[PDB]
Amino acid sequence: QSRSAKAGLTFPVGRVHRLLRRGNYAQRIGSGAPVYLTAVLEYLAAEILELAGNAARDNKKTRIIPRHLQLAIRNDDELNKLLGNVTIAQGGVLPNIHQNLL
Amino acid sequence: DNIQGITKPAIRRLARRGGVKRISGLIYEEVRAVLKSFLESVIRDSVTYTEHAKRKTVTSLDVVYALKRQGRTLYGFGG
Amino acid sequence: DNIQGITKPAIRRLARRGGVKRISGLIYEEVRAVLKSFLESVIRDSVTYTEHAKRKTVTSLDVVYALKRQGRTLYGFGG
Amino acid sequence: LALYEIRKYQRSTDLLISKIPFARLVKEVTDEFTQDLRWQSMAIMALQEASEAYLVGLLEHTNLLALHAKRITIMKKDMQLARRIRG
Amino acid sequence: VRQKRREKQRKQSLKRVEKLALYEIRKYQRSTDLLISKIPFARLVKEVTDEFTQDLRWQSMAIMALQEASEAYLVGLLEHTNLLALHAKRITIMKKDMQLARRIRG
Amino acid sequence: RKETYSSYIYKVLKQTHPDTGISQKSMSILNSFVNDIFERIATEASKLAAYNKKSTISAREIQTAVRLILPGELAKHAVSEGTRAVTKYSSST
DNA sequence: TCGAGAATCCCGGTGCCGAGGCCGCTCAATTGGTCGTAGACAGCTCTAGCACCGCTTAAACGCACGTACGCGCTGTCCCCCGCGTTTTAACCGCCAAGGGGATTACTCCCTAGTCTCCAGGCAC
C-alpha cells in the first residue's frame, strides 16, 4: 500500500519525499508534508491542463501545442504573477496590436 | 563576418512579430550589438558550466541552467 | 483618515532630490496610488511571516526576509 | 532658483518623508489586510527607506521619459508606462 | 536513393502547390516558430564561443534553445520599445527609443 | 530512464478532459514546469524551515510557502486542495 | 434534333507518420523495531510600543502675478518602402573520421564521529 493510494493521490508522494530527503534541502520531512506537495502540484497541473483543454477546444485542434500553453500562461493575471518571467519554447508571443498604430 | 548574418529582412520580420508599422535604418546595428551582448552574457556562464564539468559539449542542460540563473528561464529542455 | 499621510511639498522635494523639476498635479495622487499598490504585497508577506512566527508583533528579520524575497534587499537591518 | 533644491536634498543623504503619518498608514494597511499588530520602528523606517528607493527609481526612470516625448513636466501616462519596465 | 526521390517529390509538391504594411503585424503575431536563419546564427554563436574558449563542441538542441531565448529577448525588448516609441509621438521607432529600455532595465 | 511525471500528467489529463491529445514537446514543457515549481517550493520550504527553528518540514511550513508565493485566489484554492488532501491522507492512514 | 465521346465536380479509396497501447523488467516504494533528538508548554521578567500632552514650531493650504511650454496646426524635407531585378548561400541529402559522453569501480584519500585541550569575543 503506497502513500498515494492512501489519499487517492497520483503524483509520486513517496518519490517526492525521497527527493526532499536526499536532495540537499533540509533534514527532516514530516509525514503530512509530501501529500500536501502532491496536492498543490496536482492542483497546478489540473489548472494548467484545464486551460490547455479550453485552448484546444476553442482553436479546433484536438492536441496540445506550445502556442496553446503560451496563450494559457500569458492571458491570465494570476499566471502573469506566478510565471510572468519565464517563456515557453516555440510558444510565440501575444498578438496585441497597440491602439495608437490602429 | 558572422555578426551580419541576421540580415535586414530578418529584423524586419522580427519587428513585424513585435508590431511595428514603420522602422528606421539605424535600428539594425544596435539590434545586432545588443544581441551580441546578450549572447555573450549568457554564453560566458553557459561555458563556465561546461568547463567545470570536465566536458567539451555545451549541453542543453548547461544552457537551461545558465538561463535559469540569469532570470529568463526556458521550459522543455530540462529542469 | 491616513490615506493622506504624505503631503504635496514632500513629493515636490523628493522630485527635486531626484531631478524632476516640473511636476503635474496628478503625479502626487498617482504616487499615493503606486505607494498603495507597492507596500501591500510586502506588508501582507510580512503578515504571512508573522503568522509563520505565530505572534502579534512583526519582527524586523521577517521584514528583511520579505524584502529579500520580493527582490528589494536592504542592507543594515540583519546579519 | 532651480538648482538650489537639487543640490540640497541630494547632498543631504538623510530621509525627507514623514514617520508617524507613515506609521498611521502602515496601521491602516494592516487594518486592511490582517487584527492590530505591534510594529518595530526599525521595520517602519525600513519600509520608509524601501518606499523612498522605489519612488526615486520611478522618478529617475520617468525623468528621461519626460524629455523623450519632448516634454519637461511629467504626465499621468509617464506613471503608466514606467511600470511596464518595472513589473 | 528513395529518400532522395521522396525529397524531390516533396519539393515538386511544394513548387506546384505551395509556390499599407498593416497585414504583417497581425500575420507574424500568430506565428509560433523561429524566425532567425539557423546556420548563420550557429556560425555566429561559434564565433562568440571562440572568445571565451579549445575545440568546444555544441549540441544542436542547445543552439536551438539559444536561438529561441535570443528571439524571445529581442521581441521582448522590441515590444517594450514600441510603447516608448508611440509615447514620444513616433510611429516610426528610432535608436533613441531602444536606449531608455536598454537603460532602465539593466 | 529518468523519473518523469509524464504518465501522471496523462493520467490526470484523462480524468477531466480525455478528448485532448498531448504531444511530446508540450509534455516535456509541462514536466519542466512542474519540476521548476517543485524545486521553487522546495527551496522556499527549506528557507522558511531554516528561518525560525523548525528543521522538520510539516504542513505548516509549506502552507506558509504556498501563501507566500501564490496570488490570493491561487493560494486560496491551493490551500483548499491541500487541506482536502491532508484530511483524506490523515483519515485513511 | 438524337446520340457517342471528351472534360470536370463531386464522392469514394488509400498511403502514412504521429498518437496510443503493450511485454519485460529491475533498481526504487512500503513497512518495521528502534533510538538519539527536535520541540512544545510554562514561570518570570523585561522591555519596547502607546497615550497624554508640556512646549514650541516649521510647514502646508490656498490664492495671486506670469510666462514656459504642451497641444495643435502649417509647412518642410527626405528616407525607408514597395517593387523589380540580380545574386547567393541555406537546406537537404549524403560520405566519412573520429572524439568526447556515458558507464564500470578501486585504492586512496578525505570526512563523520570521537574526545581533549586551548585561544577567540562581546560584555564589565
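Please read every residue number as a count from 1 along the shown chain.
If you're wondering, the header gives electron microscopy, 4.2 Å.
Cβ atoms are placed via backbone N, Cα and C, with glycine included.
The following features are taken from Swiss-Prot:
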- C:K8: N6-succinyllysine (MOD_RES)
- C:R32: omega-N-methylarginine (MOD_RES)
- C:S37: phosphoserine (MOD_RES)
- C:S41: phosphoserine (MOD_RES)
- C:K54: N6-succinyllysine (MOD_RES)
- C:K56: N6-acetyllysine (MOD_RES)
- C:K68: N6-glutaryllysine (MOD_RES)
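Here the features listed in Swiss-Prot are painted onto the structure.
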{"residue": "C:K8", "record": "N6-succinyllysine", "Cβ neighbours (10 Å)": "14"}
{"residue": "C:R32", "record": "omega-N-methylarginine", "Cβ neighbours (10 Å)": "16"}
{"residue": "C:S37", "record": "phosphoserine", "Cβ neighbours (10 Å)": "10"}
{"residue": "C:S41", "record": "phosphoserine", "Cβ neighbours (10 Å)": "13"}
{"residue": "C:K54", "record": "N6-succinyllysine", "Cβ neighbours (10 Å)": "8"}
{"residue": "C:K56", "record": "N6-acetyllysine", "Cβ neighbours (10 Å)": "11"}
{"residue": "C:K68", "record": "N6-glutaryllysine", "Cβ neighbours (10 Å)": "13"}
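The secondary structure of the residue listed as 'omega-N-methylarginine', as reduced to three states from DSSP, is helical. Proximity to chain D, defined as a C-beta distance under 8 Å, is registered for the following modified residues out of C:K8, C:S41, C:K56, C:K68: C:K56.
Across the structure, C:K54 (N6-succinyllysine) and C:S41 (phosphoserine) are spaced 19 Å apart at their Cα atoms.
Counting in whole angstrom, C:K68 (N6-glutaryllysine) lies 18 from C:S37 (phosphoserine) by their C-alpha atoms. Distances between the Cα of C:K8 (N6-succinyllysine) and those of the modified residues C:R32, C:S37, C:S41, C:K56 are shortest for C:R32. In the three-state DSSP scheme, C:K8 (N6-succinyllysine) is classed as helix.
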